[PDB]
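**Q**
Residue numbers (the working numbering): 1 to 184.
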């Protein structure tokens with residue numbers, strides 16, 4: 001347990017059954033009034049955020065979460081199998097816990113957030129490089145006047161790419177938005 005006044009951006013805690021990370025902290029006391037702590041948290045598993053107000057003397061359940069490098073090996077049903085590059089432990093991770101799962105090339109390395117020895121989230125670099133395996137050659141866009149065309153990547157994912165991108169070309173993809181950001 002930790003005192004709410006010890007919270008700081010980055011502190012990880014367990015609240016209402018959820019795992020969170022403090023992102024904003026404010027400790028305040030006005031006159032003879034009791035001191036308060038107002039803090040914002042972002043979930044470590046979902047996209048939820050929450051802001052809470054505590055009395056300065058309250059406590060929270062601090063948790064330990066370690067980030068380790070995991071290498072994607074292969075898919076298995078609705079799960080993705082990774083190898084921990086430090087401990088060599090194999091983990092079968094549900095695709096829903098993997099950010100930008102469709103942009104994972106076998107052999108790619110990502111960062112896994114570990115809680116109680118198991119990954120609760122796996123995040124690849126913001127930008128990854130993937131090869132275009134199928135896209136209309138030349139200026140064959142899907143619209144008459146658009147400046148882009150659909151392209152199937154080596155992972156099976158499909159994204160819009162400029163007309164000048166050709167089959168076999170390696171592109172850069174933002175794993176957060178799932179969009180083309182440039183040529184490799």
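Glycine is no exception: its CB is placed at the ideal position from the N, C-alpha and C atoms.
#1: Have a look at 132, 129, 15 and 29 and flag the residue whose alpha-carbon is nearest the alpha-carbon of residue 52.
#2: In this structure, does DSSP put residue 184 in helix, strand or coil?
#3: Can you confirm whether the region 86-96 touches the region 104-122 when touching is taken to mean that 3 or more C-beta pairs between the two stretches lie within less than 8 angstroms?
#4: Are residue 151 and residue 126 touching if we call contact CB-CB under 8 angstroms?
#5: In the DSSP assignment, find the unbroken beta strand (DSSP E) run with residue 143 in it and report its ends.
#6: For residue 162, which residues does DSSP report across the bridge?
#7: Pull up the distance between the alpha-carbon of residue 6 and that of residue 30, whole angstroms please.
#8: Identify the residues that DSSP records as bridge partners of residue 58: which are they?
#9: Where does residue 66 sit, in a helix, a strand or coil, going by DSSP?
#10: Rounded to the nearest angstrom, what separates residue 130 and residue 37 at their Cα positions?
#11: With a threshold of 8 angstroms, are at least 3 pairs of Cβ atoms found where one atom belongs to the region 155-173 and the other to the region 109-116?
#12: Contact defined as beta carbons within less than 8 angstroms: I believe residue 4 pairs with residue 60. What is the distance between those atoms, to the nearest angstrom?
#13: Ignoring anything shorter than 3 residues or poking outside the region 70-102, list the beta strand (DSSP E) runs there in chain order.
#14: Whose CA, out of 65, 64, 105 and 62, lies closest to the CA of residue 82?
#15: Out of 140, 107, 21 and 28, which one is the CA nearest neighbour of residue 44?
#16: Which whole runs of the beta strand (DSSP E) in the region 99-126 are 3 residues long or more, in chain order?
#17: Just how far apart, CA to CA, sit residue 10 and residue 42?
#18: Apart from the five residues on each side of it in sequence, which residues of its chain come closer than 7 angstroms, Cβ to Cβ, to residue 174?
#19: In this structure, what does DSSP give as the bridge partners for residue 6?
#20: Does the beta-carbon of residue 64 have 16 or more other beta-carbons within 10 angstroms, so that it is buried, or is it exposed?
**A** From the atom records:
#1: For the purposes of this step, residue 52 is identified with residue 52 of the chain shown, where counting begins at 1. The shortest Cα separation from residue 52 among 132, 129, 15 and 29 belongs to 15.
#2: One-based indexing of the chain shown puts residue 184 at position 184. In the three-state DSSP reduction, residue 184 falls in the coil class, being neither helix nor strand.
#3: Flag = yes, the region 104-122 and the region 86-96 touch.
#4: Against the chain shown, residue 151 aligns to sequence position 151. Against the chain shown, residue 126 aligns to sequence position 126. Not closer than 8 angstroms, so no.
#5: Taking the chain shown and counting its residues from 1, the one referred to as residue 143 is at position 143. The continuous stretches of beta strand (DSSP E) do not include residue 143, and DSSP gives it neither H nor E.
#6: Here residue 162 is taken as the residue at index 162 of the chain shown, counted from 1. Checking the DSSP bridge columns, you'll see residue 162 partnered with 148.
#7: Residue mapping note: residue 6 aligns to position 6 of the chain shown, counting from 1. Residue mapping note: residue 30 aligns to position 30 of the chain shown, counting from 1. One C-alpha to the other measures close to 19 angstroms.
#8: One-based indexing of the chain shown puts residue 58 at position 58. DSSP lists no partner for residue 58.
#9: Start at 1 with the first residue of the chain shown, and residue 66 comes out as number 66. DSSP places residue 66 in the strand class (E or B) of the three-state scheme.
#10: Taking the chain shown and counting its residues from 1, the one referred to as residue 130 is at position 130. Taking the chain shown and counting its residues from 1, the one referred to as residue 37 is at position 37. Their backbone Cα atoms lie some 45 angstroms apart in a straight line.
#11: Touching, no, given that fewer than three Cβ pairs across the two stretches are closer than 8 angstroms.
#12: Numbered from 1 along the chain shown, position 4 holds the residue referred to as residue 4. Numbered from 1 along the chain shown, position 60 holds the residue referred to as residue 60. The Cβ separation is near 6 angstroms, so the contact holds.
#13: 79-84 and 90-94, all fully within the region 70-102.
#14: Indexing the chain shown from 1 puts residue 82 at position 82. Among 65, 64, 105 and 62, the Cα nearest to that of residue 82 is on 105.
#15: Residue mapping note: residue 44 aligns to position 44 of the chain shown, counting from 1. Nearest of 140, 107, 21 and 28 to residue 44, Cα basis: 21.
#16: For the region 99-126, the full-length beta strand (DSSP E) segments reaching 3 residues or more read 109-115 and 118-123 along the chain.
#17: As a working mapping, residue 10 is identified with position 10 in the chain shown. As a working mapping, residue 42 is identified with position 42 in the chain shown. About 10 angstroms.
#18: Working through the chain shown from its first residue, we reach residue 174 at position 174. Excluding sequence neighbours, residue 174 sits near 126, 127 and 181.
#19: Translated into the one-based positions of the chain shown, residue 6 becomes position 6. Residue pairing by DSSP places residue 6 in no beta bridge whatsoever.
#20: Start at 1 with the first residue of the chain shown, and residue 64 comes out as number 64. With a threshold of 16 other beta carbon atoms within 10 Å, residue 64 falls short and is exposed.
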